[PDB]
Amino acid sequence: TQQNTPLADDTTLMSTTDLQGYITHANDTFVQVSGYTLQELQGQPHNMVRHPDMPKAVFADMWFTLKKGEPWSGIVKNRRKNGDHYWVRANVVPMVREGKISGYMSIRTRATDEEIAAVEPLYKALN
């Protein structure tokens, strides 16, 4: 199925990746919503969650901003294990340890559907 899974108001997905984007930890809500357990996520890139409809230009601008040491945010469409889609607004922030960017943490809330209708014409003009 490709249908939408409506998320609750308190939905707060949080995860941590290394400098190459491979997941190092994931909170319990990310495990429940994504359908993947913690051990299946650890040591895996964050693209197993990526929905194929998401443009390449969205992630290219994120890593350009992240590699500059700056935080990034945007409306993201994700994919579950069964394959249902759910929109979020990712808030990826570079993690700094001893003056060095050690990784990136992100807190993903539920996307208001009005942010979806504003990027869908832009997303089909991006990829």
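Quick note: we count residues from 1 along the sequence shown, nothing fancier.
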For 111-119 versus 11-19, entry-based mean Cα B-factors point to 111-119
Assert third(CA B-factor, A26) within chain per record equals lowest
So, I101's CA B-factor, relative to its chain, sits in which third? The highest
Binned into thirds over the chain's modelled residues, the C-alpha B-factor of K67 lands in the lowest
Quick tally, chain-level thirds of C-alpha B-factors: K56 sits in the lowest
Of the three thirds of Cα B-factor ranks in this chain, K81 occupies the highest
